[PDB]
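I have placed the structure first, in the form of structure tokens, so that the comments after it can refer back to it.
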Amino acid sequence: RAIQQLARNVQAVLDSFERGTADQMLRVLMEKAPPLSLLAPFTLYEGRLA
Amino acid sequence: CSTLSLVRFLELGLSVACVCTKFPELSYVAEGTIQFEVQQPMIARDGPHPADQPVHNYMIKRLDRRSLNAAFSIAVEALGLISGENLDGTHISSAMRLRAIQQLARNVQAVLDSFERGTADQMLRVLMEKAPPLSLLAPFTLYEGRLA
Amino acid sequence: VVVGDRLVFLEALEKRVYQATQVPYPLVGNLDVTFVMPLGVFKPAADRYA
């Protein structure tokens, strides 16, 4: 029983590192992304900002 | 003279709701239970958040207790004719014994069928008890894992 | 799916990942506004009128 428990525990902990990266990708892309509403007019006035 | 239409609980569409099984020892059993063991997944964390652990939980639900019943009274004026005690030897008495037998057979045919309808009704009775209203359930799922 | 002239993925990660775990979904953002309301100004004699 103890071996079964240790196995069922490590098989969960190991699986954590996949959802880990799947969460990290979202968490890092979110900060890098400005809102579209504040970008669409910014792209129609490009090269005029002098 | 009218007839009777029979119904069977297995040919209804409702049967696919519950698992039925015979159990000829149900009369003696004390409170019966079942057990549940589920494992919640876990995702790693970074930086600020603390390191989570895997969680286990054990849970047990309990049995209900109900029954079903009917009544099947038969009159004495014919019960005498059934057993054969008051049965005298004529041609006017066997003609009445046939009638009493046919009456009893019709009555028993009626009562025995009653348990299929009874079960079909019991299923609805119990299912109409655990179901919460949908209006109170849709806005529940949108907020799970967060009512801390 | 295809949008405009492009071919692109389209994913929801509520059920495969994040389901039955204590981590909120990082797509439910948080807008922020700031409201103002003048309390006791008095309008001049010209613009008091039924």
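Numbering starts fresh at 1 for the residues of each chain in the structure tokens, the chains themselves are lettered A, B, ... in the order given, and ligands are numbered from 1 as they appear.
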Kindly determine which residues of chain B lie within 10 Å of chain C, considering only C-alpha atoms, and give the answer as a PDB file with N, CA, C and O atoms, in the first residue's frame.
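iface30.pdb, freshly written:
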ATOM      1  N   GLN B  39      -8.692  12.066  -6.777  1.00  0.00           N
ATOM      2  CA  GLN B  39      -7.385  12.702  -6.696  1.00  0.00           C
ATOM      3  C   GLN B  39      -7.413  13.996  -7.490  1.00  0.00           C
ATOM      4  O   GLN B  39      -7.692  13.981  -8.693  1.00  0.00           O
ATOM      5  N   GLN B  40      -7.121  15.105  -6.826  1.00  0.00           N
ATOM      6  CA  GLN B  40      -7.193  16.301  -7.650  1.00  0.00           C
ATOM      7  C   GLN B  40      -5.836  16.590  -8.276  1.00  0.00           C
ATOM      8  O   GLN B  40      -4.811  16.502  -7.600  1.00  0.00           O
ATOM      9  N   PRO B  41      -5.809  16.942  -9.558  1.00  0.00           N
ATOM     10  CA  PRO B  41      -4.544  17.310 -10.195  1.00  0.00           C
ATOM     11  C   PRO B  41      -3.960  18.553  -9.547  1.00  0.00           C
ATOM     12  O   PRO B  41      -4.572  19.196  -8.696  1.00  0.00           O
ATOM     13  N   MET B  42      -2.747  18.893  -9.964  1.00  0.00           N
ATOM     14  CA  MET B  42      -2.077  20.067  -9.430  1.00  0.00           C
ATOM     15  C   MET B  42      -1.129  20.611 -10.481  1.00  0.00           C
ATOM     16  O   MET B  42      -0.524  19.853 -11.242  1.00  0.00           O
ATOM     17  N   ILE B  43      -1.013  21.931 -10.527  1.00  0.00           N
ATOM     18  CA  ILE B  43      -0.098  22.597 -11.440  1.00  0.00           C
ATOM     19  C   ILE B  43       0.968  23.294 -10.614  1.00  0.00           C
ATOM     20  O   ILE B  43       0.699  23.768  -9.506  1.00  0.00           O
ATOM     21  N   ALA B  44       2.187  23.321 -11.141  1.00  0.00           N
ATOM     22  CA  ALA B  44       3.284  23.959 -10.440  1.00  0.00           C
ATOM     23  C   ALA B  44       3.051  25.463 -10.361  1.00  0.00           C
ATOM     24  O   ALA B  44       2.136  26.016 -10.972  1.00  0.00           O
ATOM     25  N   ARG B  45       3.893  26.128  -9.581  1.00  0.00           N
ATOM     26  CA  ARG B  45       3.783  27.561  -9.391  1.00  0.00           C
ATOM     27  C   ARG B  45       5.163  28.187  -9.488  1.00  0.00           C
ATOM     28  O   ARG B  45       6.186  27.508  -9.375  1.00  0.00           O
ATOM     29  N   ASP B  52       2.529  24.179  -3.987  1.00  0.00           N
ATOM     30  CA  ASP B  52       1.362  23.402  -3.606  1.00  0.00           C
ATOM     31  C   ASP B  52       1.722  21.926  -3.467  1.00  0.00           C
ATOM     32  O   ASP B  52       2.789  21.475  -3.885  1.00  0.00           O
ATOM     33  N   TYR B 143     -18.005  30.092 -11.121  1.00  0.00           N
ATOM     34  CA  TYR B 143     -17.287  30.608  -9.965  1.00  0.00           C
ATOM     35  C   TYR B 143     -16.621  29.506  -9.153  1.00  0.00           C
ATOM     36  O   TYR B 143     -16.408  29.676  -7.951  1.00  0.00           O
ATOM     37  N   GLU B 144     -16.275  28.388  -9.780  1.00  0.00           N
ATOM     38  CA  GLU B 144     -15.746  27.275  -9.011  1.00  0.00           C
ATOM     39  C   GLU B 144     -14.275  27.480  -8.673  1.00  0.00           C
ATOM     40  O   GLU B 144     -13.561  28.267  -9.301  1.00  0.00           O
ATOM     41  N   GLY B 145     -13.833  26.751  -7.653  1.00  0.00           N
ATOM     42  CA  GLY B 145     -12.465  26.814  -7.184  1.00  0.00           C
ATOM     43  C   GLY B 145     -12.086  28.166  -6.620  1.00  0.00           C
ATOM     44  O   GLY B 145     -10.902  28.447  -6.415  1.00  0.00           O
ATOM     45  N   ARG B 146     -13.079  29.018  -6.358  1.00  0.00           N
ATOM     46  CA  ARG B 146     -12.801  30.384  -5.950  1.00  0.00           C
ATOM     47  C   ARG B 146     -13.610  30.879  -4.767  1.00  0.00           C
ATOM     48  O   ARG B 146     -13.336  31.983  -4.294  1.00  0.00           O
ATOM     49  N   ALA B 148     -13.272  30.843  -1.849  1.00  0.00           N
ATOM     50  CA  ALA B 148     -12.459  30.822  -0.641  1.00  0.00           C
ATOM     51  C   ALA B 148     -12.593  32.139   0.116  1.00  0.00           C
ATOM     52  O   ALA B 148     -13.067  32.163   1.255  1.00  0.00           O
TER      53      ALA B 148
END
query: Counting only C-alpha atoms, what is within 8 Å of stretch 76-81 of chain B, bar same-chain residues fewer than 6 positions away, as a PyMOL selection string?
result: chain B and resi 87+96-97+100
Got time to write the residues from that selection, C-alpha atoms, as an mmCIF file, in the first residue's frame?
data_model
loop_
_atom_site.group_PDB
_atom_site.id
_atom_site.type_symbol
_atom_site.label_atom_id
_atom_site.label_comp_id
_atom_site.auth_asym_id
_atom_site.auth_seq_id
_atom_site.Cartn_x
_atom_site.Cartn_y
_atom_site.Cartn_z
ATOM 1 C CA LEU B 87 -68.842 -26.265 -3.637
ATOM 2 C CA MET B 96 -70.103 -19.777 -10.376
ATOM 3 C CA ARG B 97 -66.750 -21.294 -9.430
ATOM 4 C CA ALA B 100 -64.918 -16.600 -9.033
#
Can you list every residue of chain A that has an atom at most 9 Å from chain C, with its nearest atom pair and the distance in Å to one decimal, using only C-alpha atoms, ordered by chain then number, as a Markdown table?
| residue | atom | partner | partner_atom | distance |
| --- | --- | --- | --- | --- |
| A:19 | CA | C:17 | CA | 6.5 |
| A:22 | CA | C:17 | CA | 8.2 |
| A:23 | CA | C:26 | CA | 8.3 |
| A:26 | CA | C:26 | CA | 7.1 |
| A:27 | CA | C:26 | CA | 6.7 |
| A:30 | CA | C:26 | CA | 8.1 |
message: When DSSP is applied to the backbone of this structure, which of chain B are assigned helix (DSSP H, G or I)? Write them out as a VMD selection string.
response: chain B and resid 13 to 17 76 to 83 94 to 130 134 to 136 138 to 141
- request: Find the spatial neighbours of stretch 5-18 of chain B, counting only C-alpha atoms, within a cut-off of 12 Å - ignore same-chain residues fewer than 5 positions away - and output them as a VMD selection string.
  value: chain B and resid 109 to 124 126 to 127
Please produce a file of those selected residues containing N, CA and C atoms, as a PDB file, in the first residue's frame.
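Saved to out_13.pdb:
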ATOM      1  N   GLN B 109     -53.910 -10.314 -11.930  1.00  0.00           N
ATOM      2  CA  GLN B 109     -53.276  -9.739 -13.109  1.00  0.00           C
ATOM      3  C   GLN B 109     -53.156  -8.233 -12.973  1.00  0.00           C
ATOM      4  N   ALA B 110     -54.175  -7.596 -12.404  1.00  0.00           N
ATOM      5  CA  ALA B 110     -54.119  -6.151 -12.225  1.00  0.00           C
ATOM      6  C   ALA B 110     -53.078  -5.764 -11.187  1.00  0.00           C
ATOM      7  N   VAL B 111     -53.075  -6.437 -10.037  1.00  0.00           N
ATOM      8  CA  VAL B 111     -52.217  -5.974  -8.951  1.00  0.00           C
ATOM      9  C   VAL B 111     -50.749  -6.231  -9.263  1.00  0.00           C
ATOM     10  N   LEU B 112     -50.436  -7.355  -9.906  1.00  0.00           N
ATOM     11  CA  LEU B 112     -49.032  -7.661 -10.166  1.00  0.00           C
ATOM     12  C   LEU B 112     -48.404  -6.631 -11.094  1.00  0.00           C
ATOM     13  N   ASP B 113     -49.156  -6.172 -12.094  1.00  0.00           N
ATOM     14  CA  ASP B 113     -48.658  -5.133 -12.984  1.00  0.00           C
ATOM     15  C   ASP B 113     -48.384  -3.834 -12.253  1.00  0.00           C
ATOM     16  N   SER B 114     -49.017  -3.621 -11.101  1.00  0.00           N
ATOM     17  CA  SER B 114     -48.910  -2.337 -10.429  1.00  0.00           C
ATOM     18  C   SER B 114     -47.491  -2.012  -9.997  1.00  0.00           C
ATOM     19  N   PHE B 115     -46.626  -3.009  -9.846  1.00  0.00           N
ATOM     20  CA  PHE B 115     -45.287  -2.719  -9.357  1.00  0.00           C
ATOM     21  C   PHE B 115     -44.389  -2.134 -10.435  1.00  0.00           C
ATOM     22  N   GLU B 116     -44.632  -2.449 -11.704  1.00  0.00           N
ATOM     23  CA  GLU B 116     -43.872  -1.800 -12.767  1.00  0.00           C
ATOM     24  C   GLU B 116     -44.166  -0.307 -12.808  1.00  0.00           C
ATOM     25  N   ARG B 117     -45.450   0.054 -12.821  1.00  0.00           N
ATOM     26  CA  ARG B 117     -45.820   1.459 -12.737  1.00  0.00           C
ATOM     27  C   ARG B 117     -45.299   2.084 -11.452  1.00  0.00           C
ATOM     28  N   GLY B 118     -45.347   1.338 -10.353  1.00  0.00           N
ATOM     29  CA  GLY B 118     -44.843   1.863  -9.099  1.00  0.00           C
ATOM     30  C   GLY B 118     -43.372   2.207  -9.168  1.00  0.00           C
ATOM     31  N   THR B 119     -42.578   1.352  -9.806  1.00  0.00           N
ATOM     32  CA  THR B 119     -41.157   1.635  -9.945  1.00  0.00           C
ATOM     33  C   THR B 119     -40.920   2.812 -10.878  1.00  0.00           C
ATOM     34  N   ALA B 120     -41.649   2.856 -11.996  1.00  0.00           N
ATOM     35  CA  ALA B 120     -41.513   3.985 -12.907  1.00  0.00           C
ATOM     36  C   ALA B 120     -41.855   5.294 -12.217  1.00  0.00           C
ATOM     37  N   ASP B 121     -42.760   5.257 -11.244  1.00  0.00           N
ATOM     38  CA  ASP B 121     -43.089   6.465 -10.502  1.00  0.00           C
ATOM     39  C   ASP B 121     -42.057   6.760  -9.427  1.00  0.00           C
ATOM     40  N   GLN B 122     -41.546   5.718  -8.776  1.00  0.00           N
ATOM     41  CA  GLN B 122     -40.550   5.906  -7.731  1.00  0.00           C
ATOM     42  C   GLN B 122     -39.297   6.560  -8.284  1.00  0.00           C
ATOM     43  N   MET B 123     -38.907   6.177  -9.500  1.00  0.00           N
ATOM     44  CA  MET B 123     -37.735   6.785 -10.117  1.00  0.00           C
ATOM     45  C   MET B 123     -37.912   8.290 -10.255  1.00  0.00           C
ATOM     46  N   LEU B 124     -39.058   8.720 -10.782  1.00  0.00           N
ATOM     47  CA  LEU B 124     -39.318  10.148 -10.896  1.00  0.00           C
ATOM     48  C   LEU B 124     -39.346  10.807  -9.530  1.00  0.00           C
ATOM     49  N   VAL B 126     -37.746  10.081  -6.797  1.00  0.00           N
ATOM     50  CA  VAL B 126     -36.430  10.276  -6.198  1.00  0.00           C
ATOM     51  C   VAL B 126     -35.604  11.253  -7.025  1.00  0.00           C
ATOM     52  N   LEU B 127     -35.681  11.157  -8.356  1.00  0.00           N
ATOM     53  CA  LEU B 127     -34.898  12.056  -9.192  1.00  0.00           C
ATOM     54  C   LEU B 127     -35.339  13.500  -9.025  1.00  0.00           C
TER      55      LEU B 127
END
- prompt: With distances taken over only C-alpha atoms, which of B:59, B:137, B:53, B:24 is nearest to chain A?
  reply: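 Distance minimum relative to chain A lands on B:53.
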- prompt: What residues in chain A have any atom no more than 7 Å from chain B when counting only C-alpha atoms, and can you write them as number ranges by chain?
  reply: A: 12, 16-17, 19-20
Write the residues you've just listed into a file as a PDB file, in the first residue's frame, and include N, CA, C and O atoms for each of them.
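What ended up in selection34.pdb:
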ATOM      1  N   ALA A  12       1.501  12.144  -9.943  1.00  0.00           N
ATOM      2  CA  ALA A  12       0.815  13.426  -9.987  1.00  0.00           C
ATOM      3  C   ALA A  12       1.809  14.571  -9.998  1.00  0.00           C
ATOM      4  O   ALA A  12       1.665  15.517 -10.777  1.00  0.00           O
ATOM      5  N   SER A  16       2.593  17.648 -12.927  1.00  0.00           N
ATOM      6  CA  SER A  16       2.413  19.070 -12.673  1.00  0.00           C
ATOM      7  C   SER A  16       3.254  19.924 -13.608  1.00  0.00           C
ATOM      8  O   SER A  16       2.834  21.020 -13.986  1.00  0.00           O
ATOM      9  N   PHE A  17       4.427  19.443 -14.004  1.00  0.00           N
ATOM     10  CA  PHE A  17       5.345  20.280 -14.763  1.00  0.00           C
ATOM     11  C   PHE A  17       4.913  20.505 -16.204  1.00  0.00           C
ATOM     12  O   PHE A  17       5.556  21.298 -16.896  1.00  0.00           O
ATOM     13  N   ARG A  19       1.318  21.137 -17.163  1.00  0.00           N
ATOM     14  CA  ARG A  19       0.440  22.262 -16.890  1.00  0.00           C
ATOM     15  C   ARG A  19       1.231  23.464 -16.405  1.00  0.00           C
ATOM     16  O   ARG A  19       0.814  24.605 -16.611  1.00  0.00           O
ATOM     17  N   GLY A  20       2.381  23.230 -15.779  1.00  0.00           N
ATOM     18  CA  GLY A  20       3.216  24.339 -15.361  1.00  0.00           C
ATOM     19  C   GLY A  20       3.639  25.210 -16.524  1.00  0.00           C
ATOM     20  O   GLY A  20       3.444  26.425 -16.507  1.00  0.00           O
TER      21      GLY A  20
END
- request: Report the distance between atom CA of residue B:67 and atom CA of residue B:21 in Å, rounded to one decimal place.
  value: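 These two atoms are separated by 15.2 Å.
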- prompt: Do you have the atom CA of residue B:66-atom CA of residue B:134 distance handy?
  reply: 27.6 Å
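For the pair atom CA of residue A:8 and atom CA of residue A:21, the separation is 21.6 Å.
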